[PDB]
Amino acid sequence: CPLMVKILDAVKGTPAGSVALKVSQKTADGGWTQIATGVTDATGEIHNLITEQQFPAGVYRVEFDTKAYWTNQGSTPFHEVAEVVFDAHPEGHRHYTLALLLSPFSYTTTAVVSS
């Protein structure tokens, strides 16, 4: 699992379960192509989101469907989506964790990149 997520709900104080996301890779011409989808489990994580073979060096975009998450919680959200875009260098089994803390009108995102 070279690419992990950890999503927390700042209203309830729990992980954010059943958050849908989409992973895209930047193409040589400057656009995007979607390579994977996932939904968080009750711990706010997605196991086996993509394989190492699917995660070579390059720029990736992870789109988190925060609007649906909040709608399904019965809240009104501000953001249409939460996007995280980063250049990955998985050389040497370098692993990436995208952390996301959700509120209806706010999110915080950070990354933990292993050695």
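Numbers follow the displayed sequence, beginning with 1.
**Q** Per the entry, where is the mean C-alpha temperature factor higher: 5-13 or 88-96?
**A** Between 88-96 and 5-13, it is 88-96 that shows the higher mean C-alpha B-factor.
**Q** According to the deposited model, is the average Cα temperature factor higher in 60-68 or in 23-31?
**A** Comparing averages over the C-alpha atoms only gives 23-31.
**Q** According to the PDB entry, is the CA B factor of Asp41 in the bottom, middle or top third of its chain, that is, lowest, middle or highest?
**A** Top third by C-alpha B-factor.
**Q** For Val81, does the deposited CA B-factor place it in the lowest, middle or highest third of the chain?
**A** It belongs to the lowest third of the chain when residues are ordered by C-alpha B-factor.
**Q** Lowest, middle or highest third of the chain for the C-alpha temperature factor of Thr110?
**A** Lowest third.
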